[PDB]
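Numbering of ligands and ligand atoms starts at 1, following listing order. We count residues from 1, following the sequence as given. All heavy atoms count here, side chains included; hydrogens, waters and symmetry mates do not.
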Amino acid sequence: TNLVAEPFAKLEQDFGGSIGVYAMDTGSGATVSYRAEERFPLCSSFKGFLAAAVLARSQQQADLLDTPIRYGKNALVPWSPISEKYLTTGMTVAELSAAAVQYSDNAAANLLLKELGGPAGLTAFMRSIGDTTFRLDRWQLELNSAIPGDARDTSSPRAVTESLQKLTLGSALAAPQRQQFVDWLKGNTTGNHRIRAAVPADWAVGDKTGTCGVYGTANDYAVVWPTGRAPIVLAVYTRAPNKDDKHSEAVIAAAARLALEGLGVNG
Ligand SMILES: *C(=O)[C@@H]([C@@H]1N=C(C(=O)O)[C@H](S[C@@H]2CN[C@H](C(=O)N(C)C)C2)[C@@H]1C)[C@@H](C)O
């Protein structure tokens, strides 16, 4: 980290808030860390871990992913771009999971959170893989309040990265479910201006974004596969002191670039 600690501080000072980064080179175990153990709001980024928890359950329930789910108009909350198109038909659990990951579909996320036993059930899943930091406490959209100092609905960049590595590259999911989780992340549509903007076009990447809409709070986490070397797992989270401070995608991309530079990944 010492290779880039000064550029990280300058970046967050220009941003006018706080930036949290953890990045892990899964080959050597080398890391880059900046505010890595501070809590930041998850915002919509909890939905990636939600889809992983669904996949974990599907290991014990072979009919889960194909199960149709029907929902009423009152389930459709703002930014439900996929589930609004299937209001009159329903969608399967797998389809809802893909929509939650790849479009950050809010109705889909709420339906899946219900299936898993709510915020505590997702928290329990994260505990089961060894993440003692993650906490989900509320539902979409109350969980995005991003109040300064409020630990509800937060994690740290380090724990996000550690859990993402276990789920995408480690043994937390069985191999078929692991590849499905990776495929959903690779198909994300909402992150082109964040970690992906720091990653060369010939490298594979999967990610999940979050944007709370207040307190300069937004984030992205990703697995990146540079060619010819082991994958990199990283998390970039931001917040800022004032409710109407705006988030910045460019700052997230810039922080990801610094993380890769610190790890010595030529990009
Ligand atoms: C999650 O953080 C919110 C929902 N998830 C996303 C996403 O792409 O991760 C969008 S936030 C994205 C950033 N700029 C736009 C915005 O903030 N809007 C539309 C208000 C779109 C979506 C809102 C969740 C809190 O709803």
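- Counting heavy atoms from C-beta on, the side chains of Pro81 and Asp105 come closer than 4.5 Å.
- A 4.5 Å side-chain heavy-atom check between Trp139 and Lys114 finds at least one atom pair inside the cut-off.
- Every atom of ligand 1 is numbered from 1 in the order shown, and the set under 4.0 Å from a heavy atom of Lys208 is 9 (O).
- Salt bridge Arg135/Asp153: absent, no basic N to carboxylate O contact under 4.0 Å.
- Checking atom 19 (C) of ligand 1 against the protein gives no heavy-atom contact under 4.0 Å.
- Note that atom 16 (C) of ligand 1 has no protein non-hydrogen atoms nearby, at separations under 4.0 angstrom.
- Defined by atom type and a distance below 3.5 Å, a donor-acceptor pair is present between the side-chain atoms of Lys47 and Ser44.
- Residues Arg178 and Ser171 have side chains that never bring a donor and an acceptor to within less than 3.5 angstrom of each other.
- From the protein, the heavy atom lying nearest to atom 5 (N) of ligand 1 is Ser104 OG, 2.6 Å.
- Between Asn106 and ligand 1, at least one N/O pair is under 3.5 Å apart.
- Under 4.0 angstrom from ligand 1, the non-hydrogen atoms of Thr209 come from both its backbone and its side chain.
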Show the atom names and distances, to 0.1 Å, of all donor-acceptor pairs under 3.5 Å that link a side chain in residues 226-233 to residues at least two apart or in another chain.
residue : atom : partner : partner atom : Å
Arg229  : NH1  : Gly264  : O            : 3.4
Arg229  : NH2  : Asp25   : OD2          : 2.9

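- Among residue pairs with one or both ends in residues 213-253, those qualifying as ring-ring contact (aromatic ring centres under 6.0 Å, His included) are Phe49-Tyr221; sequence neighbours excluded.
- Scanning all protein heavy atoms for the shortest distance to atom 22 (C) of ligand 1 gives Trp79 CD1, 3.2 Å.
- For ligand 1, the atoms sitting less than 4.0 Å from at least one non-hydrogen atom of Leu141 are 26 (O), numbered in the order shown with element in parentheses.
- Distance check for atom 8 (O) of ligand 1: a protein heavy atom is found below 4.0 Å.
- Around OH of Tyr71, the count of heavy atoms belonging to other residues, nucleotides or ligands within 6.0 Å exceeds 12.
- Not a single heavy atom of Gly213 sits less than 4.0 Å from an atom of ligand 1.
- With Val93 as the fixed residue, the side chain to side chain contact (heavy atoms under 4.5 Å, CB included) test singles out one of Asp66, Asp63, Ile69, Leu55: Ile69.
- Listed by atom number, the atoms of ligand 1 under 4.0 Å from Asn144 heavy atoms are 25 (C).
- Side-chain contact of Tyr22 with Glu37: a donor-acceptor pair under 3.5 Å is absent, judged by distance alone.
- At least one N or O atom of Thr211 sits closer than 3.5 Å to an N or O atom of ligand 1.
- By the definition of a contact as any protein heavy atom under 4.0 Å away, atom 1 (C) of ligand 1 is in contact.
- There is a side-chain donor-acceptor pair under 3.5 Å between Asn106 and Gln140.
- Within ligand 1, the atoms closer than 4.0 Å to a non-hydrogen atom of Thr190 are 8 (O), numbered from 1 in the order shown.
- Near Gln140, meaning under 4.0 Å from one of its heavy atoms, ligand 1 places the atoms 24 (C).
- Taking every non-hydrogen atom of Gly210 and a distance limit under 4.0 Å, the qualifying atoms of ligand 1 come out as 2 (O).
- For atom 25 (C) of ligand 1, a protein heavy-atom neighbour is found at a distance under 4.0 Å.
- For atom 4 (C) of ligand 1, the closest non-hydrogen atom on the protein side is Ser44 OG, 3.0 Å.
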